[PDB]
file target-v4.pdb (PDB, C-alpha atoms (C1' of nucleotides))
ATOM      1  CA  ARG A 457     164.064 173.219 251.739
ATOM      2  CA  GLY A 458     166.926 172.446 254.082
ATOM      3  CA  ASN A 459     168.024 169.357 252.139
ATOM      4  CA  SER A 460     171.144 170.747 250.432
ATOM      5  CA  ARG A 461     174.560 171.506 251.868
ATOM      6  CA  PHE A 462     175.040 174.191 249.203
ATOM      7  CA  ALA A 463     171.918 176.282 249.807
ATOM      8  CA  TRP A 464     171.589 179.368 251.988
ATOM      9  CA  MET A 465     168.310 180.834 250.745
ATOM     10  CA  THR A 466     165.717 181.593 253.411
ATOM     11  CA  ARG A 467     162.044 180.823 252.786
ATOM     12  CA  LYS A 468     159.561 183.490 253.895
ATOM     13  CA  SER A 469     156.810 180.831 253.576
ATOM     14  CA  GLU A 470     157.165 177.064 253.010
ATOM     15  CA  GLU A 471     155.612 176.421 249.579
ATOM     16  CA  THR A 472     157.155 174.929 246.454
ATOM     17  CA  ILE A 473     158.776 178.001 244.909
ATOM     18  CA  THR A 474     157.266 178.814 241.501
ATOM     19  CA  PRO A 475     158.096 181.735 239.090
ATOM     20  CA  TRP A 476     155.068 183.722 240.260
ATOM     21  CA  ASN A 477     155.356 183.534 244.025
ATOM     22  CA  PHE A 478     159.163 183.577 243.798
ATOM     23  CA  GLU A 479     159.273 187.175 244.979
ATOM     24  CA  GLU A 480     157.263 186.332 248.095
ATOM     25  CA  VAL A 481     158.505 182.905 249.181
ATOM     26  CA  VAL A 482     162.171 183.885 248.753
ATOM     27  CA  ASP A 483     163.663 186.513 251.066
ATOM     28  CA  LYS A 484     165.995 187.989 248.436
ATOM     29  CA  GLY A 485     167.585 190.289 251.040
ATOM     30  CA  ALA A 486     168.476 187.587 253.542
ATOM     31  CA  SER A 487     169.483 185.240 250.731
ATOM     32  CA  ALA A 488     172.025 187.684 249.293
ATOM     33  CA  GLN A 489     173.165 188.618 252.813
ATOM     34  CA  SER A 490     173.715 184.985 253.799
ATOM     35  CA  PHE A 491     175.338 184.436 250.416
ATOM     36  CA  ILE A 492     178.051 187.024 251.006
ATOM     37  CA  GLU A 493     178.548 186.520 254.781
ATOM     38  CA  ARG A 494     179.245 182.812 254.310
ATOM     39  CA  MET A 495     182.234 183.635 252.108
ATOM     40  CA  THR A 496     183.820 186.512 254.029
ATOM     41  CA  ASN A 497     186.460 185.616 256.593
ATOM     42  CA  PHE A 498     186.692 186.474 260.280
ATOM     43  CA  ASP A 499     189.296 188.468 262.183
ATOM     44  CA  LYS A 500     192.303 186.352 263.160
ATOM     45  CA  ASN A 501     192.648 188.241 266.447
ATOM     46  CA  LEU A 502     188.903 188.231 267.184
ATOM     47  CA  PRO A 503     187.616 184.839 265.875
ATOM     48  CA  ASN A 504     183.879 185.152 266.387
ATOM     49  CA  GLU A 505     183.839 188.737 265.024
ATOM     50  CA  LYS A 506     183.407 189.640 261.371
ATOM     51  CA  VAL A 507     185.448 192.103 259.284
ATOM     52  CA  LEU A 508     184.715 195.649 258.039
ATOM     53  CA  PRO A 509     184.449 196.355 254.284
ATOM     54  CA  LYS A 510     187.420 197.510 252.215
ATOM     55  CA  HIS A 511     185.978 201.024 251.763
ATOM     56  CA  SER A 512     185.502 201.849 255.449
ATOM     57  CA  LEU A 513     186.646 205.388 256.338
ATOM     58  CA  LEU A 514     187.731 204.177 259.771
ATOM     59  CA  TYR A 515     189.785 201.463 258.102
ATOM     60  CA  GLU A 516     191.447 203.922 255.709
ATOM     61  CA  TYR A 517     192.210 206.188 258.699
ATOM     62  CA  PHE A 518     193.691 203.105 260.395
ATOM     63  CA  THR A 519     196.073 202.187 257.566
ATOM     64  CA  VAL A 520     196.974 205.860 256.986
ATOM     65  CA  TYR A 521     197.806 206.420 260.668
TER      66      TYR A 521
ATOM     67  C1'  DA B   1     167.830  55.152 251.191
ATOM     68  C1'  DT B   2     171.135  61.719 245.860
ATOM     69  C1'  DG B   3     171.912  64.706 242.851
ATOM     70  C1'  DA B   4     175.426  70.552 243.462
ATOM     71  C1'  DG B   5     179.863  72.009 242.860
ATOM     72  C1'  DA B   6     183.744  74.579 237.834
ATOM     73  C1'  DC B   7     180.459  81.537 234.139
ATOM     74  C1'  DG B   8     182.849  86.907 227.815
ATOM     75  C1'  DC B   9     188.154  90.960 223.294
ATOM     76  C1'  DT B  10     189.950  94.480 225.115
ATOM     77  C1'  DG B  11     192.994  97.575 224.048
ATOM     78  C1'  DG B  12     194.310 100.160 220.668
ATOM     79  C1'  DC B  13     193.305 102.470 217.192
ATOM     80  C1'  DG B  14     190.331 106.065 214.440
ATOM     81  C1'  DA B  15     187.020 108.979 214.520
ATOM     82  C1'  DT B  16     183.775 111.151 216.079
ATOM     83  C1'  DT B  17     181.722 114.539 219.237
ATOM     84  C1'  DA B  18     182.651 118.402 222.304
ATOM     85  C1'  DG B  19     184.539 122.704 223.777
ATOM     86  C1'  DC B  20     187.857 126.705 225.429
ATOM     87  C1'  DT B  21     191.266 130.470 227.172
ATOM     88  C1'  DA B  22     194.840 133.074 225.882
ATOM     89  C1'  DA B  23     198.448 136.313 223.630
ATOM     90  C1'  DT B  24     198.782 140.849 220.527
ATOM     91  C1'  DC B  25     197.586 144.771 219.354
ATOM     92  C1'  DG B  26     194.901 148.709 218.412
ATOM     93  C1'  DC B  27     191.479 152.383 219.773
ATOM     94  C1'  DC B  28     190.052 155.373 222.124
ATOM     95  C1'  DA B  29     188.313 157.646 225.561
ATOM     96  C1'  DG B  30     181.803 163.985 226.631
ATOM     97  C1'  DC B  31     182.752 168.655 225.974
ATOM     98  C1'  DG B  32     181.390 173.859 224.677
ATOM     99  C1'  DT B  33     180.629 178.465 226.735
ATOM    100  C1'  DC B  34     179.161 182.630 229.705
ATOM    101  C1'  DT B  35     177.427 185.366 233.838
ATOM    102  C1'  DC B  36     177.630 186.533 238.833
ATOM    103  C1'  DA B  37     179.797 187.088 243.216
ATOM    104  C1'  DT B  38     183.178 185.010 246.761
ATOM    105  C1'  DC B  39     187.525 184.550 249.233
ATOM    106  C1'  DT B  40     192.522 183.463 249.498
ATOM    107  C1'  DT B  41     197.761 183.387 247.965
ATOM    108  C1'  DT B  42     202.076 184.894 245.463
ATOM    109  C1'  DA B  43     206.408 188.761 242.895
ATOM    110  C1'  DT B  44     208.094 193.667 244.321
ATOM    111  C1'  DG B  45     207.990 197.816 247.385
ATOM    112  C1'  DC B  46     208.284 199.739 254.932
ATOM    113  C1'  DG B  47     209.457 198.806 260.717
ATOM    114  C1'  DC B  48     214.112 196.060 266.291
ATOM    115  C1'  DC B  49     212.387 193.984 270.543
TER     116       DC B  49
END
call {"tool": "encode", "arguments": {"input": "target-v4.pdb", "output": "structure tokens"}}
result
Amino acid sequence: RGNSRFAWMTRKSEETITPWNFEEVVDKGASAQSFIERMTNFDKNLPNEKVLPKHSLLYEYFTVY
DNA sequence: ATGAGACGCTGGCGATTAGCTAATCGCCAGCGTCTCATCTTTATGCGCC
């Protein structure tokens, strides 16, 4: 509940998360999203901008060209 | 019109009585796993201001 430097999970509500209301209190979408975005790097040329996935068709066209 | 001033075995034993770190070495050290993802980075391979 905002007291750990290792957490990223977002609470839809603000209750003590139990195995029955786990699906409702925890935003599984935003938790997985924040989980992966916190590990991916940023573009060295464009610092504040993120990076496209490895299977992007535009990115394959880029490396091919 | 007299009655104070002058003070010991200790030292050298035993024998209680009491009490304390230190030097040497040996032992022996919580550890087991998996999942999941995440990023890097390296070996080789390709380009001239």
call {"tool": "atom_distance", "arguments": {"input": "target-v4.pdb", "atom1": "CA of residue 484 (chain A)", "atom2": "CA of residue 459 (chain A)"}}
result
19.1 Å
call {"tool": "resolve_selection", "arguments": {"input": "target-v4.pdb", "expression": "the PyMOL selection byres ((chain B) within 9 of (chain A))", "output": "VMD selection string"}}
result
chain B and resid 37 to 39
call {"tool": "atom_distance", "arguments": {"input": "target-v4.pdb", "atom1": "CA of residue 462 (chain A)", "atom2": "CA of residue 487 (chain A)"}}
result
12.5 Å
call {"tool": "atom_distance", "arguments": {"input": "target-v4.pdb", "atom1": "CA of residue 482 (chain A)", "atom2": "CA of residue 510 (chain A)"}}
result
28.9 Å
call {"tool": "axis_aligned_box", "arguments": {"input": "target-v4.pdb", "around": "region 12-16 of chain B", "padding_each_side": "6 Å", "output": "JSON"}}
result
{"center_x": 189.0, "center_y": 105.7, "center_z": 217.6, "size_x": 22.5, "size_y": 23.0, "size_z": 18.2}
call {"tool": "build_atoms", "arguments": {"input": "target-v4.pdb", "residues": "region 484-501 of chain A", "atoms": "N, CA, C and O atoms", "output": "JSON list (two decimals), in the coordinates of the input"}}
result
[["chain", "number", "residue", "atom", "x", "y", "z"],
["A", 484, "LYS", "N", 164.85, 187.68, 249.29],
["A", 484, "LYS", "CA", 166.00, 187.99, 248.44],
["A", 484, "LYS", "C", 167.10, 188.70, 249.21],
["A", 484, "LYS", "O", 168.29, 188.47, 248.95],
["A", 485, "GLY", "N", 166.71, 189.52, 250.18],
["A", 485, "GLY", "CA", 167.58, 190.29, 251.04],
["A", 485, "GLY", "C", 168.45, 189.34, 251.84],
["A", 485, "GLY", "O", 169.68, 189.36, 251.72],
["A", 486, "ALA", "N", 167.78, 188.52, 252.66],
["A", 486, "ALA", "CA", 168.48, 187.59, 253.54],
["A", 486, "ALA", "C", 169.23, 186.53, 252.75],
["A", 486, "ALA", "O", 170.26, 186.04, 253.22],
["A", 487, "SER", "N", 168.77, 186.22, 251.53],
["A", 487, "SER", "CA", 169.48, 185.24, 250.73],
["A", 487, "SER", "C", 170.80, 185.82, 250.23],
["A", 487, "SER", "O", 171.84, 185.16, 250.33],
["A", 488, "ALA", "N", 170.78, 187.06, 249.74],
["A", 488, "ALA", "CA", 172.02, 187.68, 249.29],
["A", 488, "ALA", "C", 172.97, 187.94, 250.46],
["A", 488, "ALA", "O", 174.19, 187.77, 250.33],
["A", 489, "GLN", "N", 172.41, 188.41, 251.58],
["A", 489, "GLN", "CA", 173.16, 188.62, 252.81],
["A", 489, "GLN", "C", 173.87, 187.35, 253.26],
["A", 489, "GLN", "O", 175.08, 187.36, 253.52],
["A", 490, "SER", "N", 173.11, 186.25, 253.39],
["A", 490, "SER", "CA", 173.72, 184.98, 253.80],
["A", 490, "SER", "C", 174.68, 184.48, 252.74],
["A", 490, "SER", "O", 175.60, 183.73, 253.06],
["A", 491, "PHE", "N", 174.45, 184.85, 251.48],
["A", 491, "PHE", "CA", 175.34, 184.44, 250.42],
["A", 491, "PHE", "C", 176.71, 185.06, 250.58],
["A", 491, "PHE", "O", 177.73, 184.37, 250.48],
["A", 492, "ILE", "N", 176.76, 186.37, 250.83],
["A", 492, "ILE", "CA", 178.05, 187.02, 251.01],
["A", 492, "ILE", "C", 178.71, 186.78, 252.37],
["A", 492, "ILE", "O", 179.93, 186.59, 252.44],
["A", 493, "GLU", "N", 177.93, 186.68, 253.46],
["A", 493, "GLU", "CA", 178.55, 186.52, 254.78],
["A", 493, "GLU", "C", 179.20, 185.16, 254.95],
["A", 493, "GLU", "O", 180.16, 185.02, 255.72],
["A", 494, "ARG", "N", 178.73, 184.16, 254.20],
["A", 494, "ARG", "CA", 179.24, 182.81, 254.31],
["A", 494, "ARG", "C", 180.60, 182.68, 253.64],
["A", 494, "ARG", "O", 181.36, 181.75, 253.95],
["A", 495, "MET", "N", 180.97, 183.65, 252.81],
["A", 495, "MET", "CA", 182.23, 183.64, 252.11],
["A", 495, "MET", "C", 183.28, 184.53, 252.74],
["A", 495, "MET", "O", 184.48, 184.27, 252.59],
["A", 496, "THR", "N", 182.87, 185.62, 253.39],
["A", 496, "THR", "CA", 183.82, 186.51, 254.03],
["A", 496, "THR", "C", 184.49, 185.82, 255.21],
["A", 496, "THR", "O", 183.91, 184.95, 255.86],
["A", 497, "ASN", "N", 185.73, 186.21, 255.49],
["A", 497, "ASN", "CA", 186.46, 185.62, 256.59],
["A", 497, "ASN", "C", 186.16, 186.35, 257.90],
["A", 497, "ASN", "O", 185.40, 187.32, 257.94],
["A", 498, "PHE", "N", 186.75, 185.85, 258.97],
["A", 498, "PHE", "CA", 186.69, 186.47, 260.28],
["A", 498, "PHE", "C", 188.06, 187.01, 260.68],
["A", 498, "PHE", "O", 189.09, 186.64, 260.09],
["A", 499, "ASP", "N", 188.06, 187.90, 261.67],
["A", 499, "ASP", "CA", 189.30, 188.47, 262.18],
["A", 499, "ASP", "C", 190.12, 187.39, 262.88],
["A", 499, "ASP", "O", 189.59, 186.60, 263.66],
["A", 500, "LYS", "N", 191.41, 187.33, 262.55],
["A", 500, "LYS", "CA", 192.30, 186.35, 263.16],
["A", 500, "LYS", "C", 192.50, 186.62, 264.65],
["A", 500, "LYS", "O", 192.65, 185.68, 265.43],
["A", 501, "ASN", "N", 192.50, 187.90, 265.04],
["A", 501, "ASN", "CA", 192.65, 188.24, 266.45],
["A", 501, "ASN", "C", 191.35, 188.00, 267.20],
["A", 501, "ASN", "O", 191.36, 187.50, 268.32]]
